[PDB]
Every structure is written in C-alpha cells, then in structure tokens.
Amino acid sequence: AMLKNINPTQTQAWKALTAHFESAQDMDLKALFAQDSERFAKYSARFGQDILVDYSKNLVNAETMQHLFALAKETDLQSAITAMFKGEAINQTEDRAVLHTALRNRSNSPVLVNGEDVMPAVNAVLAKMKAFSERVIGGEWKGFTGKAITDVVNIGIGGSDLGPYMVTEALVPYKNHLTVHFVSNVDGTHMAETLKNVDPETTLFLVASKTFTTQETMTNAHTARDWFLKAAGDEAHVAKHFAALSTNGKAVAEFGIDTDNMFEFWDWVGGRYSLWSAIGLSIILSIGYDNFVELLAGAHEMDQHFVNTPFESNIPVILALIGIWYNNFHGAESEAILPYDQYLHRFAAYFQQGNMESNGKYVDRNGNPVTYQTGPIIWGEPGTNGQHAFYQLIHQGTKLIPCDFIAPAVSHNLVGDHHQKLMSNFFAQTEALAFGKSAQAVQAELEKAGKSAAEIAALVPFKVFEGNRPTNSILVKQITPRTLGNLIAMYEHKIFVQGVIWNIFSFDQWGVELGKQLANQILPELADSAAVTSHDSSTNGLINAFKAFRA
C-alpha cells in the first residue's frame, strides 16, 4: 500500500519539534516582525490570481517550519497523497477508495477503481443533473396540476445537508428565482415550519440518503409525502414532486419516485465530502449548473495545486502543519474559523463535520491507541458578529485559539462604505491579536492623559493585551463559486494531511454507531406511559420524568 502507517511520535522530526518547543515556546510575534522586514513575503503564498494566504502571524520561525516539513517527509505524506488520488482503498476499515477528488475531476483523466475508470459514471450523473435542472429551473418540469416549480426542499442530515446549505447560503448573489429550503432535524419543528411556507403543487423535494433508510431523513421524507398526498391523492403524482439522491432503486421506486430521478453516488464518496456529487443537486437547482461547475472547477484547481506543489509552497500542507504545531505542541484544543462575510455564516459549521468527524479519532492505522492529540474542535461565527460576541476571550482569556480570518476584497453589495468598515476590522483584529499592547505602553498613555498612580495601578493590568495570539489571514478577490470551491477543497486537503501525519483513518466514522444502537432500543420505550427500568438510573430517571411531563 502507498499509504504508510508511521507513528509520528517515533520520528526524528517529532523529537526535534519537542526540543524546539521547549526552547522556543515563548516566541514573540512583535520580535519576529521587528527582526525580519521580509517576514510577510516569506510566510505567505498566492493561489491563482485571486487568493492570498498569509500565515506570517503564526508562532513559527524558520526552525519551526524546517522541522514541520521534515515531519511531513518522514511520515511519507507524498505517498499518501498519491494513494488517495489514484483510487487506492485508503479507507481500510471499510475497504473503500476515497475519491471526492474524482467528482470534480474536470480534466477527465482516468481514475481507476479495481482497474475500471470511474469518470464515465461521474460524468453521467453530472450530465443527468444538468438536464434535469434546466427543466426544473426553466419551468418545463410541471407539478401535478401543471404549474412550474417555485420551491425546492432538500431533506437530509449531516453530509446530505451541511454542504448544500452552506454553499447555497454563501452563493446567494448567484441564485436563480427558485426558493430552496433545507430540512435536516428529526425535530418535527424543522419540517413543520418549512411546510407552512410551501405549496404542494409547486414544490419539489429532494430526499438525500444513499441507503434511503436513514432514520431522520426517511421520517422527514414520509412526513413530506403524507402532506403532499393530502393535496394530490394519487401516489402516481409523487413522481413529479420527489427526487432521490441515492442508490437504493427498489426503496426509491417503492416511495413513488421515478428512478429516472434517482441521482446516484458511490461508496468512495464520503457523506462529509459529498456536496460535489449528486448530493449537490440542491446547489445546482439554486444557482444553476454553470455555477455548480465553477464550484467543481475551483476545487479541481486546488486539487492540482495539492498534488503538484512542493510542500514548502503547498497551501494545504502548510496550514495542516501549522495546525499540528498548535494542537500537538502548544496544546490548543480548538481552531476558530472567522469569515468576514455574512453569506459565509455556515462555513465554520460545515467544517465542524468535515474536520471533526474526519479526525476525531483515537485509534491509529495499526489498530493501536494514539498517545497524542488528534483532531481539534472547530468553531466560529462570521465577522463582525463573532467579533462582538467572543473576541474578549481570544484577546484576554487563558486559552490559545488559532484563528483563520477569511475575507473578500470586493463585496457583492456595493452599499456605501460598509465594506471598508468591515475590512478595517478584518485587518485590525489580526494586528491586535499578534502584537497586543504592553503595560509600558498603556501606562505611558494613562500618564499623558493625566491619570494618577492610583488610577494607573487600578486599571493598567486590565488594559494590557499580551498579544501572541496567532492567526492566518486568507484574502480572496471575491467570493465566487470558483473561489469558494478553492477554499473548501483547501480545507479538505488540510484535514487529509493532518490525518496522514497523525496516523489515523480520516474517512470512516465508527463513532456514530453506539448512539444509533441505543436510540433504537429506547424508541419503543417512549410510546406509552409505563415506567422504564431497563437502563442505568439516569437514563431511567430522565425517561420517567419525560413520561410524567408529557402526561
């Protein structure tokens, strides 16, 4: 196998990083910038014509980077990259390839799985979605009473919801006349509130589930089907109002969906890497196939960069390594993603799944428990909203929180001076985080302002910003389908690199099984009002209190 299973803690590079942390953990950004006028130039990378990734405000120096790149080499990262792209079954616990990259392979170079090219199958679904979307968007596809579709409701959980919702939100300027809705929670509120806003005669539902047996999704789908049939009566009409993003043709046909409107995907498409497949049909319906292709093309450009660039100028590798420095040496548990863009309000939430479900693992590729930290907690809110909520803690708390600040230079909304104001904050916050403001500086200001020694003693300590809060700044010309594709793929590959180095399996998710099993056991126990005694005292107590509250 090209994918190796090297324990990172046993490498010379890791030992060098441990020594370096001991002797340089107090590295100070003000000093790093003061001592090298070319720091920004040396710690930044350009991607294409429209993206700048500035990683200069990180607690790294030439030595740190040298040891980090050495770690990537010593864990045979290049061999792993090759293995993924060529179709090797690197998802070993499920014995599957990992080929979200094939989904956006615009070059159409063959991608073999068991000696057969998967591109014709990929392209056949894409072509089918393009054709279908034109009929729906253009009005030729009629509902059961002869009307054009006005609303699309995507029904799905996790990977079948987060990506499409995030992308359609991020790309609102590119939307067409259709109103798209995303229902995901099994909580009845979600579907109930959506159904109040749509009409059975003009709504198309997409049921997004590979197995077509996902409990939450099928519960929602059946609720929608019931609602639809109250208006339509004849199940034959379901075929004009429901499509499936699935491979279970028998179940799909039984539901009443015409299998011509079943859009397939494959085992090598992980849910959390699936927006690029048939799962992206809601994106195609919202912004059109031209824009969806731009999104795929942007991901493809980043895929090409990731495969072809030496590590020292490879953006996903650099970001992954800097992240490892904080996670495994500085002991930071989290990473904040802070887009200064309201349309990107769901971007951080998307990476909670993409990152945390991939790398939230504790058993290495050899089947041994890890003795080091794996994936971090991802969180964030768009600026300036998050800025006015929780930045107090980032600036003056007791936790190290690496932050990725992301912003476009050009807004889609050319209203007054809002964008210059927004951007002034984008630039100022990272400057503030890095360099702070010292006690000597604050005291000198209070003295010049006529303050007494007593006032100075009482207030200076609270006004000091220690700084050394590291950040990456990613500046994009404009958030377009292509640049969004660039960004999503960039983080996908960052996640991949970290999982390779940490010697874990990034593409399985065995950690979701126990909760599902236990819920299946509890469900029938909630139907009646009888006392439950079959679990531990807490579960019993909670279930019995629930029954008493209900009746």
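Throughout, we count residues from 1 along the sequence that is shown.
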item	value
Residue stretch of maximal mean CA temperature factor, 248 to 256 vs 399 to 407	248 to 256
Between 106 to 114 and 89 to 97 (mean CA B-factor, as deposited), the higher	106 to 114
Criterion, highest CA B-factor; candidates, 362, 351, 289, 391	351
Out of 374, 219, 185, 309, highest CA B-factor residue	309
Chain-wide C-alpha B factor ranking for residue 69, given as lowest, middle or highest third	middle
Residue 57 - which third its CA temperature factor falls in, relative to the rest of the chain	lowest
CA B-factor placement of residue 382, once the chain's modelled residues are sorted into thirds	highest
Third of the chain's Cα B-factor distribution that residue 16 belongs to, per the entry	lowest
Chain thirds of CA B-factor: placement of residue 39	lowest
